């Protein structure tokens, strides 16, 4: 039976940087999750670029993305970021969070199929209103940290409603750190700075394959200044280092 507990030993990592946020860490073998804040762990926020994980799976499952070697060609038209003005592989597009590449994937998938897959995946509030290519950036789609770790555990076990081949392709594209004892798969997200009363959200979600154990994690925090952005990885990294998972 799945369980969750609230911890306090991680609060010092948040208050030291004056951050309002939540970390959820689940140990696969014990089906046990721990968090610094049960209420915020259940609160649903815009997934932003973390939506690229289900978007990639749906793109492959629908055939919009032909295979793992698919190249997304840049047509030479100006893009919002210098980093996106080039041909990208699936891993390249995921690594730099290339919004235009995923906007085009979502358009070819279409609203009917996108809605079907988000329901099969139990992904957040499953609300894709506001436009087929912006409902995850600044739309109505919301997902909690607890829902993110449930979704990533399904992906890890190849239990999503998609071919094992397509789940394996996305799992390898999400590798961000490799060491002899562990492999980190992760994805960042940032909705924007919002306002002082309504700050934006920053995410870091993923999982760590350490020896024979697997740890699923989801971090989110309020962000009103782009200088705080490095904290989306430093806070969860410091917590997982103190737990002996990475480092």
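Positions refer to the first chain, counted from 1.
Average Cα temperature factor in the PDB entry - higher stretch of 231-239, 7-15: For C-alpha atoms only, the mean B-factor is higher in 7-15.
135-143 or 115-123, whichever carries the higher mean Cα B-factor: Per the PDB entry, the higher value belongs to 135-143.
Highest-ranked of 194, 54, 47, 206 once sorted by CA temperature factor in the record: That would be 194, according to the entry.
Residue with highest C-alpha B-factor in the PDB entry, from 75, 177, 172, 153: Result of the comparison over 75, 177, 172, 153: 75.
Record-listed C-alpha B factor of residue 160: chain third: For residue 160, the deposited C-alpha B-factor lands in the lowest third.
Modelled-residue ranking by C-alpha temperature factor, third containing residue 31: For residue 31, the deposited C-alpha B-factor lands in the middle third.
Record-listed C-alpha B factor of residue 148: chain third: It belongs to the lowest third of the chain when residues are ordered by C-alpha B-factor.
Chain-relative CA temperature factor third for residue 64: As the PDB entry reports it, the C-alpha B-factor of residue 64 lands in the highest third of its chain.
Third of the chain's Cα B-factor distribution that residue 168 belongs to, per the entry: It falls in the bottom third of the chain.
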